[PDB]
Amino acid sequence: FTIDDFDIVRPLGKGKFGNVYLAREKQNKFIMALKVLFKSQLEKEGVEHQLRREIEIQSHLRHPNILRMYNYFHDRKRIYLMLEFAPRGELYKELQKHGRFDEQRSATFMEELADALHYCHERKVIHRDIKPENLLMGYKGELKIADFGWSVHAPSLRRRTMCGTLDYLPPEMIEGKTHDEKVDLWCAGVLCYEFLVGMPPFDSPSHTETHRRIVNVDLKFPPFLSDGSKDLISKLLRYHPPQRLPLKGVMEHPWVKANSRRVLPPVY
C-alpha cells in the first residue's frame, strides 16, 4: 500500500494524533476512513509505543460493534491507518443534539456495547475508557467502539494505572486499588445513565466532590427513568467489582430484551 492507491474524497475531522479523511481504495472501489499521522510529531510527543499498543489491539479485533482497522502502511513522513468508515459519525454529537436518548436507542446501544466488550474480555482486553466521545455510528446507527487509547491486553488481569475520564472513573481507580476487566462494567453503567439522562451520574462542580460521589456511589435517579433502566444501571454501578452485573447479564437484562432494536450488519 501507498497513498496513491486511494482517492481522498473529503476530510472527516481532526483525531487525537492526526487528521482523518474519507477515502476510496482504487483497486476494489471500497470506501473507508484514512487516519494520517506524522512520524516526527508522534516521536516529539513521545507517543510511539502508545500508538504501537493501540494498533496492536485494534488491528486484531473483528466484531460488528468495534471499528475495524483493515490494515496500515507508512511512507517517508507519515503513518496511515486504514479504518472502517462509520457513516453516521460521532455518537457524542448525536447525544448533544437530542439532549438524551429514548429507551429504545439507549437499550440498543447497551446491547451492542455489552456484546463488543464481551468479545474484548474473552480475549483479556480491557477497554478502560468507555464514554460517548469514543463511539461512532454505522450505516444503520450501530454503535462502533472506535478509540483504544487506554486499552490493555492483561493476561494476569490485575492493573494499577489510573485511567479514563473523570466522570467515568470506577471507585477502585480513585482509591488506588488494583483493577481488572470489571472497570468496563462500571463504565457501561455510567454510559447507560448518561444516554438516558444526558448527564453523567456523579456530575459535580469540583474533581474532589466528583471523586467523593463516585466512591460513595451517590446515585440519584431522575424521576422520568423507567424501573427497568434504573435496575440495569444499579446492577452495573456497584462499589464492589465482583458484584457488578456481567456483560452477558446486560445482554440478557429484561429492559434490554424489551427495548433493544439491535440489527447485526450483513456479513460476507
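Throughout, we count residues from 1 along the sequence that is shown.
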- Task: Mind pulling up the entry and telling me whether 167-175 or 70-78 has the higher mean Cα temperature factor?
- Result: 70-78
- Item | Between the two ranges 109-117 and 125-133, the one averaging a larger CA B factor in the entry | 125-133
- From 47, 233, 214, 199, can you pick the one with the highest C-alpha B factor in the entry? 47
- Query: Going by the deposited entry, which of 187, 157, 83, 91 has the highest CA temperature factor?
  - Reply: 157
- In terms of the chain's CA B-factor thirds, is residue 223 lowest, middle or highest? highest
- Could you say whether, by C-alpha temperature factor, residue 237 belongs to the lowest, middle or highest third of its chain? lowest
- Could you look up the Cα B-factor of residue 100 in the entry and say which third of the chain it sits in: lowest, middle or highest? middle
- Note on the structure: Sorting the chain's modelled residues by C-alpha B-factor and splitting them into thirds places residue 191 in the lowest
- Give the position of residue 152 by CA B-factor within its chain, expressed as the lowest, middle or highest third. middle
